[PDB]
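Below is query_27.txt, which holds compact mmCIF, C-alpha atoms and all ligand atoms.
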```txt
# COMPACT_ATOMS: atom_id res chain seq x y z
CA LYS H 64 137.85 174.63 180.51
CA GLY H 65 135.62 171.90 179.09
CA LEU H 66 136.65 169.02 181.36
CA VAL H 67 134.40 166.31 182.84
CA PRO H 68 134.90 164.94 186.38
CA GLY H 69 137.38 162.16 186.91
CA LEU H 70 136.74 158.89 188.72
CA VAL H 71 138.81 157.53 191.60
CA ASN H 72 140.37 154.08 191.17
CA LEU H 73 139.69 152.09 194.34
CA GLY H 74 141.48 148.90 193.29
CA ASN H 75 141.92 147.90 189.64
CA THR H 76 138.54 149.51 188.91
CA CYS H 77 139.65 151.23 185.69
CA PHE H 78 137.52 148.72 183.76
CA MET H 79 134.43 150.34 185.28
CA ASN H 80 135.65 153.94 185.12
CA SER H 81 136.54 153.61 181.43
CA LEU H 82 133.14 152.18 180.52
CA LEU H 83 131.30 154.88 182.46
CA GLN H 84 133.17 157.69 180.69
CA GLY H 85 132.27 156.07 177.37
CA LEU H 86 128.61 155.49 178.24
CA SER H 87 128.10 159.02 179.56
CA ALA H 88 129.43 160.27 176.21
CA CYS H 89 126.44 158.65 174.43
CA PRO H 90 123.60 161.20 174.62
CA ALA H 91 120.92 158.87 173.27
CA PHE H 92 121.62 156.36 176.05
CA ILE H 93 121.25 159.02 178.75
CA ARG H 94 118.01 160.30 177.22
CA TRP H 95 116.65 156.75 177.30
CA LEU H 96 117.67 156.33 180.95
CA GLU H 97 115.88 159.58 181.84
CA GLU H 98 112.78 158.33 180.03
CA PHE H 99 113.03 154.90 181.65
CA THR H 100 113.63 156.19 185.19
CA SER H 101 110.87 158.80 184.84
CA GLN H 102 108.36 156.05 185.71
CA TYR H 103 109.78 155.79 189.24
CA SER H 104 108.42 159.30 189.97
CA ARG H 105 104.87 157.97 189.54
CA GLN H 114 116.39 149.67 194.73
CA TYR H 115 117.16 149.77 191.00
CA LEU H 116 120.21 149.70 188.76
CA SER H 117 119.02 152.42 186.39
CA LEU H 118 118.74 155.10 189.07
CA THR H 119 122.26 154.41 190.37
CA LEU H 120 123.60 154.34 186.80
CA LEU H 121 121.90 157.58 185.70
CA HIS H 122 123.16 159.52 188.74
CA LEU H 123 126.76 158.84 187.70
CA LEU H 124 126.27 159.31 183.95
CA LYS H 125 124.32 162.56 184.31
CA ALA H 126 127.24 163.96 186.31
CA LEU H 127 129.86 162.63 183.88
CA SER H 128 127.94 163.86 180.81
CA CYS H 129 128.46 167.51 181.85
CA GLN H 130 131.45 169.72 182.49
CA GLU H 131 132.79 169.54 186.04
CA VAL H 132 131.10 171.80 188.58
CA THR H 133 134.29 172.23 190.65
CA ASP H 134 137.95 172.45 189.69
CA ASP H 135 139.56 169.04 189.12
CA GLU H 136 136.45 167.22 190.30
CA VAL H 137 136.81 163.51 191.06
CA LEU H 138 133.81 161.25 191.68
CA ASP H 139 133.48 157.69 192.99
CA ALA H 140 131.34 155.16 191.13
CA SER H 141 131.65 152.15 193.46
CA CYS H 142 128.03 152.54 194.59
CA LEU H 143 127.31 151.12 191.14
CA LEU H 144 129.67 148.19 191.69
CA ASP H 145 128.09 147.51 195.09
CA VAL H 146 124.61 146.99 193.64
CA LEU H 147 125.94 144.82 190.80
CA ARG H 148 127.99 142.81 193.30
CA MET H 149 124.77 142.31 195.30
CA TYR H 150 122.43 141.18 192.52
CA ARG H 151 123.94 140.71 189.04
CA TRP H 152 127.70 140.05 189.02
CA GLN H 153 129.56 138.28 191.84
CA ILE H 154 133.07 139.72 191.57
CA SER H 155 135.67 141.12 193.93
CA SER H 156 136.16 144.86 194.44
CA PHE H 157 139.91 144.70 193.73
CA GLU H 158 140.52 142.26 190.84
CA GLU H 159 141.04 143.32 187.23
CA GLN H 160 137.96 142.78 185.06
CA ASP H 161 136.88 143.17 181.43
CA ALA H 162 135.02 146.36 180.52
CA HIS H 163 133.10 144.45 177.83
CA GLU H 164 131.88 141.85 180.33
CA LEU H 165 130.72 144.71 182.57
CA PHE H 166 128.90 146.30 179.62
CA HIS H 167 126.92 143.08 179.23
CA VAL H 168 126.20 142.90 182.97
CA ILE H 169 124.79 146.45 182.84
CA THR H 170 122.87 145.81 179.62
CA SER H 171 121.42 142.54 180.97
CA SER H 172 120.39 144.20 184.23
CA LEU H 173 118.51 146.94 182.37
CA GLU H 174 116.66 144.47 180.13
CA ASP H 175 115.72 142.48 183.24
CA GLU H 176 114.66 145.69 184.98
CA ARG H 177 112.52 146.68 181.98
CA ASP H 178 110.90 143.23 181.72
CA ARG H 179 109.76 143.83 185.36
CA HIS H 217 105.69 148.69 178.12
CA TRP H 218 104.94 151.69 175.89
CA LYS H 219 108.62 152.67 176.24
CA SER H 220 111.22 151.51 173.75
CA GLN H 221 114.04 149.08 174.43
CA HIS H 222 117.40 150.66 175.22
CA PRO H 223 119.25 152.10 172.21
CA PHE H 224 122.09 149.52 172.20
CA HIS H 225 119.68 146.70 171.32
CA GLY H 226 120.00 145.40 167.77
CA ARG H 227 119.13 142.28 165.81
CA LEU H 228 121.24 140.17 163.44
CA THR H 229 120.19 137.69 160.76
CA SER H 230 121.60 134.23 160.08
CA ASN H 231 120.96 132.74 156.62
CA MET H 232 121.95 129.20 155.70
CA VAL H 233 121.67 127.28 152.41
CA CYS H 234 122.78 123.71 151.82
CA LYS H 235 125.37 123.51 149.00
CA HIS H 236 124.07 120.02 148.06
CA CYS H 237 120.46 120.84 147.13
CA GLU H 238 120.51 124.65 147.29
CA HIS H 239 117.52 125.10 149.63
CA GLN H 240 117.57 128.07 152.05
CA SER H 241 116.82 127.04 155.64
CA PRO H 242 114.58 129.63 157.36
CA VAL H 243 116.33 132.83 158.45
CA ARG H 244 117.11 133.21 162.17
CA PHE H 245 117.09 136.54 164.01
CA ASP H 246 119.02 136.91 167.26
CA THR H 247 119.40 140.11 169.24
CA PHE H 248 122.75 141.70 170.01
CA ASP H 249 123.95 144.40 172.37
CA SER H 250 127.43 144.71 170.84
CA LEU H 251 129.44 143.52 167.86
CA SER H 252 132.42 141.38 168.88
CA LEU H 253 134.71 141.46 165.85
CA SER H 254 137.60 139.08 165.33
CA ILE H 255 140.70 140.95 164.19
CA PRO H 256 142.08 139.32 160.99
CA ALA H 257 145.76 138.55 160.50
CA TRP H 260 150.97 141.15 156.28
CA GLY H 261 147.58 142.78 156.42
CA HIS H 262 148.78 146.15 155.09
CA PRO H 263 146.65 148.74 156.79
CA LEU H 264 144.02 147.22 159.05
CA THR H 265 140.63 148.84 159.05
CA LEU H 266 137.44 148.57 161.08
CA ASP H 267 135.64 148.13 157.75
CA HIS H 268 137.75 145.02 157.12
CA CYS H 269 136.86 143.61 160.55
CA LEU H 270 133.18 144.31 159.85
CA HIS H 271 133.19 142.68 156.40
CA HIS H 272 134.89 139.61 157.87
CA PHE H 273 132.13 139.43 160.49
CA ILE H 274 129.56 139.65 157.68
CA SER H 275 131.29 137.39 155.13
CA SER H 276 129.91 133.97 154.24
CA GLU H 277 131.53 130.76 155.44
CA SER H 278 131.45 127.04 154.70
CA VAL H 279 129.93 124.89 157.45
CA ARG H 280 130.30 121.11 157.17
CA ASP H 281 128.23 118.31 158.87
CA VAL H 282 124.75 119.97 159.52
CA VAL H 283 121.40 118.06 159.07
CA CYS H 284 119.68 119.24 155.79
CA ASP H 285 115.87 118.77 156.12
CA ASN H 286 115.40 118.32 152.29
CA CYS H 287 118.57 116.20 151.88
CA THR H 288 117.28 114.59 155.18
CA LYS H 289 120.84 113.18 155.61
CA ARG H 305 124.47 115.34 157.18
CA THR H 306 125.81 117.81 154.53
CA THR H 307 127.74 121.10 154.02
CA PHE H 308 126.15 124.54 154.33
CA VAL H 309 126.96 128.17 153.56
CA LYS H 310 126.28 130.38 156.58
CA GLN H 311 126.30 134.17 156.80
CA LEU H 312 125.43 136.78 159.42
CA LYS H 313 123.87 140.11 158.46
CA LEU H 314 122.39 143.06 160.38
CA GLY H 315 118.61 143.34 160.45
CA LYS H 316 117.78 146.13 162.90
CA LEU H 317 120.52 148.59 163.69
CA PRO H 318 120.61 150.11 167.18
CA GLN H 319 120.71 153.86 167.70
CA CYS H 320 123.73 153.33 169.98
CA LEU H 321 126.31 150.95 168.50
CA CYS H 322 128.98 149.35 170.69
CA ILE H 323 131.82 147.76 168.70
CA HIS H 324 134.03 145.25 170.51
CA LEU H 325 137.39 144.53 168.87
CA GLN H 326 138.57 141.16 170.20
CA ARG H 327 142.13 141.76 171.39
CA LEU H 328 142.50 138.23 172.78
CA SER H 329 143.14 135.35 170.41
CA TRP H 330 144.25 131.76 170.96
CA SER H 331 147.78 130.78 170.01
CA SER H 332 148.83 127.68 168.09
CA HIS H 333 150.58 126.57 171.29
CA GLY H 334 147.49 126.84 173.50
CA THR H 335 147.73 130.17 175.33
CA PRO H 336 145.99 133.54 174.91
CA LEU H 337 147.62 136.24 172.78
CA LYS H 338 147.06 139.97 173.18
CA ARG H 339 146.36 141.60 169.80
CA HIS H 340 148.31 144.86 169.75
CA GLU H 341 147.77 145.62 166.06
CA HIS H 342 146.29 149.03 165.31
CA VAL H 343 142.86 148.92 163.66
CA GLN H 344 142.10 152.07 161.68
CA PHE H 345 138.70 153.57 162.49
CA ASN H 346 136.94 156.73 161.38
CA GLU H 347 134.95 159.43 163.15
CA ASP H 348 132.17 158.68 160.63
CA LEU H 349 130.91 155.15 159.95
CA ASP H 350 128.41 154.09 157.28
CA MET H 351 126.74 150.76 158.08
CA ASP H 352 124.73 150.36 154.86
CA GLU H 353 126.95 147.65 153.34
CA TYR H 354 126.24 145.27 156.25
CA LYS H 355 122.42 145.40 156.26
CA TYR H 356 120.37 142.28 155.58
CA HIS H 357 117.33 143.86 153.97
CA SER H 358 117.32 146.17 150.88
CA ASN H 359 115.34 149.04 152.61
CA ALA H 360 116.04 152.63 151.50
CA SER H 432 117.04 154.12 154.90
CA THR H 433 120.62 155.37 155.17
CA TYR H 434 122.58 154.30 158.27
CA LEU H 435 125.26 156.82 159.24
CA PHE H 436 127.05 156.68 162.61
CA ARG H 437 129.35 159.09 164.45
CA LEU H 438 132.12 158.29 166.93
CA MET H 439 131.31 159.22 170.54
CA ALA H 440 134.00 157.48 172.62
CA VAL H 441 136.80 154.92 172.58
CA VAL H 442 137.86 152.54 175.33
CA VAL H 443 141.52 151.57 175.03
CA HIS H 444 143.32 148.69 176.77
CA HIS H 445 147.05 148.95 177.46
CA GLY H 446 149.13 145.99 178.59
CA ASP H 447 149.12 142.24 178.17
CA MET H 448 146.53 139.52 178.87
CA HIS H 449 146.88 139.12 182.64
CA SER H 450 147.81 142.70 183.54
CA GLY H 451 146.55 145.88 181.96
CA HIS H 452 144.95 149.30 182.21
CA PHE H 453 141.84 150.76 180.58
CA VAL H 454 141.71 154.32 179.25
CA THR H 455 138.97 156.28 177.51
CA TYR H 456 138.87 158.95 174.84
CA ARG H 457 135.57 160.84 174.68
CA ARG H 458 134.12 164.05 173.35
CA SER H 459 133.81 167.08 175.56
CA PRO H 460 130.20 167.82 176.50
CA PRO H 461 128.61 171.07 175.34
CA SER H 462 128.17 172.66 178.79
CA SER H 470 131.54 168.83 170.69
CA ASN H 471 134.52 168.54 168.34
CA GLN H 472 136.96 168.68 171.29
CA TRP H 473 138.26 165.43 172.79
CA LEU H 474 139.33 164.28 176.24
CA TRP H 475 141.72 161.61 177.50
CA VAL H 476 140.32 160.13 180.71
CA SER H 477 142.46 157.81 182.85
CA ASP H 478 140.51 157.22 186.07
CA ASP H 479 140.96 160.43 188.07
CA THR H 480 142.94 162.31 185.38
CA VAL H 481 141.28 164.25 182.54
CA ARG H 482 143.30 165.90 179.76
CA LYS H 483 142.44 167.67 176.54
CA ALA H 484 143.33 165.35 173.66
CA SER H 485 143.44 165.99 169.94
CA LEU H 486 141.43 164.03 167.40
CA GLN H 487 144.74 162.82 165.97
CA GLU H 488 145.62 161.05 169.23
CA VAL H 489 142.12 159.56 169.35
CA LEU H 490 142.31 158.10 165.84
CA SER H 491 145.77 156.66 166.55
CA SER H 492 144.71 154.79 169.70
CA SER H 493 144.44 151.01 169.91
CA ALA H 494 140.66 150.75 170.14
CA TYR H 495 139.01 148.02 172.21
CA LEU H 496 135.45 149.29 172.57
CA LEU H 497 134.02 151.80 170.10
CA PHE H 498 130.83 153.72 170.88
CA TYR H 499 128.98 155.01 167.82
CA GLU H 500 125.68 156.87 167.75
CA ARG H 501 123.38 157.10 164.74
CA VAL H 502 123.04 160.54 163.19
CA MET S 1 119.72 118.99 168.88
CA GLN S 2 122.38 120.94 166.98
CA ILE S 3 123.71 124.46 167.62
CA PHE S 4 126.43 126.76 166.31
CA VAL S 5 129.29 128.52 168.11
CA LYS S 6 130.92 131.56 166.48
CA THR S 7 134.54 131.01 167.50
CA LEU S 8 137.43 133.37 168.24
CA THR S 9 138.58 133.49 164.60
CA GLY S 10 135.06 133.99 163.24
CA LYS S 11 134.78 130.38 162.06
CA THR S 12 131.50 128.80 163.15
CA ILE S 13 131.70 125.24 164.48
CA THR S 14 128.81 122.81 164.95
CA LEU S 15 127.97 121.21 168.30
CA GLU S 16 125.66 118.35 169.28
CA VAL S 17 123.77 119.21 172.48
CA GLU S 18 120.50 118.67 174.32
CA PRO S 19 118.22 121.33 175.84
CA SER S 20 118.90 119.71 179.24
CA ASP S 21 122.67 120.29 178.99
CA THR S 22 124.33 122.90 181.18
CA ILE S 23 126.60 125.41 179.49
CA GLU S 24 129.58 124.14 181.46
CA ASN S 25 128.85 120.94 179.53
CA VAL S 26 128.80 123.07 176.37
CA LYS S 27 132.01 124.87 177.36
CA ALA S 28 133.46 121.38 177.79
CA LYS S 29 132.46 120.55 174.21
CA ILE S 30 134.00 123.80 172.95
CA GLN S 31 137.20 122.78 174.75
CA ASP S 32 137.13 119.46 172.89
CA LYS S 33 137.52 121.08 169.46
CA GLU S 34 138.97 124.52 170.31
CA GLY S 35 141.14 123.75 173.34
CA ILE S 36 139.86 126.71 175.36
CA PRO S 37 139.47 125.97 179.08
CA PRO S 38 135.92 126.63 180.31
CA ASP S 39 137.09 129.23 182.84
CA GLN S 40 138.56 131.29 179.97
CA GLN S 41 135.37 131.12 177.87
CA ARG S 42 132.61 133.72 177.63
CA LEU S 43 129.54 132.54 175.71
CA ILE S 44 127.11 135.25 174.58
CA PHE S 45 123.60 134.62 173.22
CA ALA S 46 120.90 137.22 172.48
CA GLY S 47 123.05 139.87 174.13
CA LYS S 48 123.25 137.76 177.31
CA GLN S 49 126.45 136.34 178.75
CA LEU S 50 125.62 132.73 179.57
CA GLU S 51 125.91 131.82 183.26
CA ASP S 52 127.63 128.56 184.21
CA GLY S 53 125.05 126.66 186.24
CA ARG S 54 122.00 127.14 184.03
CA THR S 55 120.99 124.84 181.19
CA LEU S 56 120.19 125.75 177.60
CA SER S 57 116.51 125.43 178.59
CA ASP S 58 116.55 128.48 180.88
CA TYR S 59 117.95 130.63 178.04
CA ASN S 60 115.55 128.98 175.53
CA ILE S 61 118.41 128.10 173.17
CA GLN S 62 116.78 126.10 170.37
CA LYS S 63 118.10 124.15 167.39
CA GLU S 64 120.39 125.93 164.91
CA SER S 65 121.16 128.66 167.45
CA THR S 66 124.39 130.65 167.14
CA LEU S 67 126.41 131.24 170.31
CA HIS S 68 129.34 133.66 170.22
CA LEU S 69 132.66 132.87 171.89
CA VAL S 70 134.92 135.63 173.25
CA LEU S 71 137.75 135.72 175.78
CA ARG S 72 138.07 137.81 178.93
CA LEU S 73 140.46 140.77 178.80
CA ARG S 74 141.25 142.00 182.30
CA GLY S 75 142.43 145.55 182.96
ZN ZN D 601 119.93 119.98 150.79
```
In structure tokens, what does this structure look like?
Amino acid sequence: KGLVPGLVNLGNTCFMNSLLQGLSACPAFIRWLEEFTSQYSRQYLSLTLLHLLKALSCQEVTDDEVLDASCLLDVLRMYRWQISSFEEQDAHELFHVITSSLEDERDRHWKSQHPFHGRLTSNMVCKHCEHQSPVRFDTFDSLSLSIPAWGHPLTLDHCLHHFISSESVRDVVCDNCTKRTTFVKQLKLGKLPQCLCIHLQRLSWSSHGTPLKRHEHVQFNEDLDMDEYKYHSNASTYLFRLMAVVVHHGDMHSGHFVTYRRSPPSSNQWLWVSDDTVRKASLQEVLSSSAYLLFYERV
Amino acid sequence: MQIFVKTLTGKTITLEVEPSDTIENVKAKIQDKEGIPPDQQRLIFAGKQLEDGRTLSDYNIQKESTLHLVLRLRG
């Protein structure tokens, strides 16, 4: 049986257990952690994180194994994220706590940055004079995509193109037109990460003034080509493969996180992980889920 | 100076701020035009979630910077 260990839920901690199942399903991330923590053999977040992921990245060693990951929460609670140990939390916020802690830990240098780290471009041209303000590069650790509005079938490609589409920005100070005036702004992708985390924003703001859970199903594929969203015309192909899906069930206040991930080879077999419970799941169930976080790895 | 906030719909609004401003001040200005309470806002820059208490100087947020606005989904 190709089942991973489960994780106990010690008080609305599914948001952590779902992220850990997803992260351990990303082999490039674990290889980087092993390389990064190898220097300590010449406390720290990386060592605590790798101990859990190494165990979750392999088939269980004992029947119906269940682990506890709250050692990880303890160290984050001590140094990086002041949160309770019983309140519901956002798995995407935790992903950024972990990713920020590792960049801080790396800063303190022949080793590479972690594989989630990418860079986006921002181009802007004034519509008045038609002069192109200098490009701006910002790093990213995940793509947070707004879900568009009868939208027929809704696809991840649509959400990506909307994130990359140009927009009209009024009232910005043109240096040539010296001024304000109206600009065209557009975000593209400069450097793609080896590990790509896609965040589908399932919370919007209502016309009334209250959050709205977005239940709509966004179609996503096991294979993802990212060429259409690159800034630069380089010749390198950019093909990504689905490693794991974090799914959120419920409304805005209440909810539950679940994770679909691949089985570890000691491949094309999938698992449904809900905290302490691990089931074999078919690819059909995976592709029909309501994705929240998507973990892709470059092939 | 002048910065950008990528909003919940993907529209990018313009804000007038100073490098000495705290981000709770900036979350206040996002509330002015978007109506989102500060406690419900998560501002991300350079892969970092911006911590209420610091200023834009500690994060080195310069002119024409693009902050990204996302909500918190508990589970
Ligand atoms: Zn101009």
*Residues of chain S within 6 Å of chain H, counting all atoms listed in the file, as a PyMOL selection string*: chain S and resi 9+46-47+73-75
Residues of the last selection are to be written out with C-alpha atoms, as a compact mmCIF listing (two decimals), in the frame of the given file.
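Resulting contents of out-v9.txt:
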```
# COMPACT_ATOMS: atom_id res chain seq x y z
CA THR S 9 138.58 133.49 164.60
CA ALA S 46 120.90 137.22 172.48
CA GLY S 47 123.05 139.87 174.13
CA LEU S 73 140.46 140.77 178.80
CA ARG S 74 141.25 142.00 182.30
CA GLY S 75 142.43 145.55 182.96
```
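Residues of protein, DNA or RNA lying at most 9 Å from ligand ZN 601 (chain D), when only C-alpha atoms and all ligand atoms are considered, are residues 233, 234, 235, 236, 237, 238, 239, 240, 283, 284, 285, 286, 287, 288, 289, 306, 307 and 308 of chain H.
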*Could you give me, as JSON, numbers by chain, the residues within 12 Å of residue 15 (chain S), counting all atoms listed in the file and dropping anything in the same chain fewer than 4 positions from it?*
{"H": [279, 280, 281, 282, 283], "S": [1, 2, 3, 4, 5, 6, 7, 21, 25, 26, 27, 28, 29, 30, 31, 32, 33, 34, 63, 64, 65, 66, 67]}
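Going from CA of residue 309 (chain H) over to CA of residue 243 (chain H), you cover 12.6 Å.
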*Expressed in Å to a single decimal, how great is the separation between CA of residue 332 (chain H) and CA of residue 16 (chain S)?*
25.0 Å
*Would you kindly return, as a PyMOL selection string, each protein, DNA or RNA residue with an atom no farther than 10 Å from any atom of residue 22 (chain S), considering all atoms listed in the file and excluding same-chain residues fewer than 3 positions away?*
chain S and resi 17-19+25-28+51-58
Hey, can you spit out that residue selection with C-alpha atoms as an mmCIF file, keeping the file's coordinate frame?
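In the end it all went to selection-v6.cif:
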```
data_model
loop_
_atom_site.group_PDB
_atom_site.id
_atom_site.type_symbol
_atom_site.label_atom_id
_atom_site.label_comp_id
_atom_site.auth_asym_id
_atom_site.auth_seq_id
_atom_site.Cartn_x
_atom_site.Cartn_y
_atom_site.Cartn_z
ATOM 1 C CA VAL S 17 123.770 119.210 172.480
ATOM 2 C CA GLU S 18 120.500 118.670 174.320
ATOM 3 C CA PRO S 19 118.220 121.330 175.840
ATOM 4 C CA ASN S 25 128.850 120.940 179.530
ATOM 5 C CA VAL S 26 128.800 123.070 176.370
ATOM 6 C CA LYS S 27 132.010 124.870 177.360
ATOM 7 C CA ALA S 28 133.460 121.380 177.790
ATOM 8 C CA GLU S 51 125.910 131.820 183.260
ATOM 9 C CA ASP S 52 127.630 128.560 184.210
ATOM 10 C CA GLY S 53 125.050 126.660 186.240
ATOM 11 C CA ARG S 54 122.000 127.140 184.030
ATOM 12 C CA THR S 55 120.990 124.840 181.190
ATOM 13 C CA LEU S 56 120.190 125.750 177.600
ATOM 14 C CA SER S 57 116.510 125.430 178.590
ATOM 15 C CA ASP S 58 116.550 128.480 180.880
#
```
